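Colleague: This one is final_24.cif, mmCIF, N, CA, C and O atoms; unseen atoms left out.
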data_upload
loop_
_atom_site.group_PDB
_atom_site.id
_atom_site.type_symbol
_atom_site.label_atom_id
_atom_site.label_comp_id
_atom_site.auth_asym_id
_atom_site.auth_seq_id
_atom_site.Cartn_x
_atom_site.Cartn_y
_atom_site.Cartn_z
ATOM 1 N N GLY A 1 7.162 -0.954 -13.039
ATOM 2 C CA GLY A 1 7.893 -2.076 -13.617
ATOM 3 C C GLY A 1 8.591 -2.839 -12.496
ATOM 4 O O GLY A 1 7.992 -3.667 -11.823
ATOM 5 N N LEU A 2 9.853 -2.421 -12.271
ATOM 6 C CA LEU A 2 10.744 -3.139 -11.363
ATOM 7 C C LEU A 2 10.120 -3.390 -9.969
ATOM 8 O O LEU A 2 9.264 -2.661 -9.471
ATOM 9 N N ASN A 3 10.696 -4.453 -9.375
ATOM 10 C CA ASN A 3 10.355 -4.863 -8.015
ATOM 11 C C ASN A 3 10.536 -3.723 -6.999
ATOM 12 O O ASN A 3 9.904 -3.727 -5.957
ATOM 13 N N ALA A 4 11.417 -2.755 -7.308
ATOM 14 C CA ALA A 4 11.513 -1.579 -6.446
ATOM 15 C C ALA A 4 10.190 -0.783 -6.465
ATOM 16 O O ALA A 4 9.451 -0.712 -5.489
ATOM 17 N N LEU A 5 9.933 -0.230 -7.669
ATOM 18 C CA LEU A 5 8.752 0.603 -7.853
ATOM 19 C C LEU A 5 7.502 -0.113 -7.329
ATOM 20 O O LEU A 5 6.718 0.457 -6.596
ATOM 21 N N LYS A 6 7.347 -1.392 -7.693
ATOM 22 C CA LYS A 6 6.168 -2.113 -7.204
ATOM 23 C C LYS A 6 6.115 -2.213 -5.653
ATOM 24 O O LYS A 6 5.066 -2.098 -5.051
ATOM 25 N N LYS A 7 7.324 -2.448 -5.102
ATOM 26 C CA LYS A 7 7.486 -2.628 -3.659
ATOM 27 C C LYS A 7 7.025 -1.381 -2.899
ATOM 28 O O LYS A 7 6.153 -1.462 -2.063
ATOM 29 N N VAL A 8 7.636 -0.229 -3.239
ATOM 30 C CA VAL A 8 7.224 1.002 -2.561
ATOM 31 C C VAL A 8 5.719 1.241 -2.793
ATOM 32 O O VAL A 8 4.952 1.523 -1.891
ATOM 33 N N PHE A 9 5.370 1.074 -4.091
ATOM 34 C CA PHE A 9 4.008 1.384 -4.499
ATOM 35 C C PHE A 9 3.011 0.613 -3.640
ATOM 36 O O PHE A 9 2.122 1.198 -3.064
ATOM 37 N N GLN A 10 3.210 -0.711 -3.576
ATOM 38 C CA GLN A 10 2.299 -1.525 -2.782
ATOM 39 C C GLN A 10 2.491 -1.251 -1.285
ATOM 40 O O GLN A 10 1.533 -1.330 -0.550
ATOM 41 N N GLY A 11 3.729 -0.898 -0.894
ATOM 42 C CA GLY A 11 4.036 -0.581 0.501
ATOM 43 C C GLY A 11 3.113 0.503 1.068
ATOM 44 O O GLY A 11 2.158 0.227 1.777
ATOM 45 N N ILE A 12 3.401 1.768 0.715
ATOM 46 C CA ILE A 12 2.628 2.852 1.308
ATOM 47 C C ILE A 12 1.133 2.687 0.998
ATOM 48 O O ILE A 12 0.282 3.060 1.789
ATOM 49 N N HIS A 13 0.874 2.127 -0.202
ATOM 50 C CA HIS A 13 -0.507 1.971 -0.644
ATOM 51 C C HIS A 13 -1.297 1.045 0.306
ATOM 52 O O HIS A 13 -2.287 1.437 0.908
ATOM 53 N N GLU A 14 -0.803 -0.197 0.379
ATOM 54 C CA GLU A 14 -1.446 -1.205 1.211
ATOM 55 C C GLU A 14 -1.430 -0.762 2.686
ATOM 56 O O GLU A 14 -2.384 -0.934 3.420
ATOM 57 N N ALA A 15 -0.316 -0.110 3.063
ATOM 58 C CA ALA A 15 -0.202 0.408 4.421
ATOM 59 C C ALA A 15 -1.341 1.384 4.744
ATOM 60 O O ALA A 15 -2.077 1.192 5.696
ATOM 61 N N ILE A 16 -1.485 2.431 3.915
ATOM 62 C CA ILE A 16 -2.544 3.408 4.160
ATOM 63 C C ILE A 16 -3.935 2.782 3.961
ATOM 64 O O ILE A 16 -4.924 3.253 4.501
ATOM 65 N N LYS A 17 -3.972 1.742 3.108
ATOM 66 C CA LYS A 17 -5.229 1.072 2.817
ATOM 67 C C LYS A 17 -5.647 0.156 3.968
ATOM 68 O O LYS A 17 -6.822 0.034 4.226
ATOM 69 N N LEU A 18 -4.692 -0.483 4.640
ATOM 70 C CA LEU A 18 -5.105 -1.356 5.729
ATOM 71 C C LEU A 18 -5.505 -0.497 6.927
ATOM 72 O O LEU A 18 -6.576 -0.648 7.495
ATOM 73 N N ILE A 19 -4.597 0.452 7.254
ATOM 74 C CA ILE A 19 -4.985 1.326 8.362
ATOM 75 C C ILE A 19 -6.346 2.004 8.087
ATOM 76 O O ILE A 19 -7.235 1.967 8.915
ATOM 77 N N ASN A 20 -6.488 2.595 6.890
ATOM 78 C CA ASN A 20 -7.724 3.322 6.604
ATOM 79 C C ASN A 20 -8.918 2.365 6.574
ATOM 80 O O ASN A 20 -9.987 2.692 7.050
ATOM 81 N N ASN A 21 -8.692 1.178 5.995
ATOM 82 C CA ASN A 21 -9.816 0.256 5.864
ATOM 83 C C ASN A 21 -10.111 -0.461 7.196
ATOM 84 O O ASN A 21 -11.149 -1.078 7.317
ATOM 85 N N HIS A 22 -9.166 -0.403 8.153
ATOM 86 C CA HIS A 22 -9.328 -1.071 9.456
ATOM 87 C C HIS A 22 -10.073 -0.146 10.435
ATOM 88 O O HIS A 22 -10.934 -0.559 11.195
ATOM 89 N N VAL A 23 -9.644 1.126 10.375
ATOM 90 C CA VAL A 23 -10.205 2.125 11.277
ATOM 91 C C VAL A 23 -11.566 2.672 10.794
ATOM 92 O O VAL A 23 -12.070 3.599 11.407
ATOM 93 N N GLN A 24 -12.050 2.157 9.645
ATOM 94 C CA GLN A 24 -13.259 2.672 9.012
ATOM 95 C C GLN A 24 -14.526 2.014 9.642
#
What does the file become when written as structure tokens?
Modeller:
Amino acid sequence: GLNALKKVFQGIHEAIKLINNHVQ
């Protein structure tokens, strides 16, 4: 819901996703 939950959620998510998708 809240901008908090979304923020963290997209944070670590996109973070691990960019690194993983970049180094792939």
Colleague: Using atom C of residue 19 in chain A and atom N of residue 6 in chain A as the two end points, give the distance in Å to one decimal.
Modeller: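 Those two atoms sit 21.2 Å apart.
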Colleague: Which distance in Å separates CA of residue 23 in chain A and CA of residue 8 in chain A, to one decimal?
Modeller: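 Going from CA of residue 23 in chain A over to CA of residue 8 in chain A covers 22.3 Å.
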Colleague: Enclose range 8-24 of chain A, meaning all of its atoms listed in the file, in a box aligned along x, y and z, pad it by 6 Å on each side, and list the centre and edge lengths in Å to one decimal, as AutoDock Vina command-line options.
Modeller:
--center_x -3.4 --center_y 1.0 --center_z 3.5 --size_x 34.2 --size_y 17.1 --size_z 27.9
Colleague: Between atom O of residue 21 in chain A and atom C of residue 5 in chain A, what is the distance in Å, rounded to a tenth?
Modeller: 23.7 Å
